[PDB]
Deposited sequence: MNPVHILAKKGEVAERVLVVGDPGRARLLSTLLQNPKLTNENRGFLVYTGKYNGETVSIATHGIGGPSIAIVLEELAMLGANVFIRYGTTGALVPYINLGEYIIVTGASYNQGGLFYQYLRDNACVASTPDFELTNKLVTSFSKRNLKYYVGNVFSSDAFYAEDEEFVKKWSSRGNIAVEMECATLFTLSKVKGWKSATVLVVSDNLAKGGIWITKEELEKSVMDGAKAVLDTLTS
């Protein structure tokens, strides 16, 4: 690995990945005896214990290209189970800020990354691991957390304009928008990794926060270690 300079053996098979380095540091406090295993290029990675299992929390930056590089390098270090925990904007009015979305699939526009990996324009099913996703639903349910299950649109251009944005993607079966799920799901299917994703709603395009992230993170860690 040329970006993640973590020593081989310092990265767990089970990894919680987040886009924000700051959330990685904050969530590391939920682990027993956390150690910083990488800080190169700002990609903070911490490894520790939780519920009798070794687990790592890694930063993936923003966007498909960035998360692809991080997943690939983490895997070269032994990682094979990934659960992304990020933030998202809801596309439907009934979902409230601070609530969660357990992702079942990701819509995306065909682009360079998918073409470079798949070698043509086929729309490969971009879905998470079935079992792992059901475990997430069980974990969030046990902790009495308000969640919704559905697909999301993984955008590559946060600031591009689209006057019909909400209607278009919500009418296509998506309940939220973010930027990395499609890449995570598809690359995982291709490489053979088990992945899933849970998102914290930080905005509603159709219409506390710190505690929201912390509570859901515990649910995710229970799933990763169960």
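Missing C-alpha coordinates mark the following deposited-sequence intervals, in order: 1-2, 210-217.
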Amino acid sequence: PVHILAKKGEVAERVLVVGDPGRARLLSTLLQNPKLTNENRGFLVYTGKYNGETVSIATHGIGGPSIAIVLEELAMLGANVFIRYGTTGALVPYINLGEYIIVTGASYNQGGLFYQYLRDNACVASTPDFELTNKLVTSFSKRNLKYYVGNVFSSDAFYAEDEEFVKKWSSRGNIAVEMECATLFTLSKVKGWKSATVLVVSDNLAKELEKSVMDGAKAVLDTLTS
From here on, numbers count along this sequence of modelled residues.
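Under this definition, the rigid core comprises the largest set of C-alpha atoms superposing within 1.5 Å between the forms.
Between 34-42 and 159-167, the larger root mean square Cα shift in 8 other deposited structures of this protein, once each structure is superposed on the rigid core, falls on 159-167. After superposition on the rigid core, the larger root-mean-square Cα deviation in 8 other deposited structures of this protein belongs to 208-216, not to the other of 208-216 and 21-29. Of the two stretches examined, 211-219 and 12-20, the record assigns the greater average C-alpha temperature factor to 211-219. When the mean C-alpha temperature factors of 177-185 and 159-167 are read from the deposited coordinates, 159-167 comes out higher. Set against one another, the Cα B-factors of 104, 116, 138, 88 in the record reach their highest point at 138. Among the modelled residues of its chain, residue 66 has a C-alpha B-factor that falls in the lowest third according to the deposited record. Among the modelled residues of its chain, residue 122 has a C-alpha B-factor that falls in the middle third, as given in the PDB entry. In this PDB entry, the Cα temperature factor of residue 128 sits in the bottom third of its chain's modelled residues, the lowest group. In this PDB entry, residue 110 carries a Cα temperature factor that places it within the highest third of its chain's modelled residues.
Compared with the other modelled residues of the chain, the Cα B-factor recorded for residue 144 ranks in the highest third.
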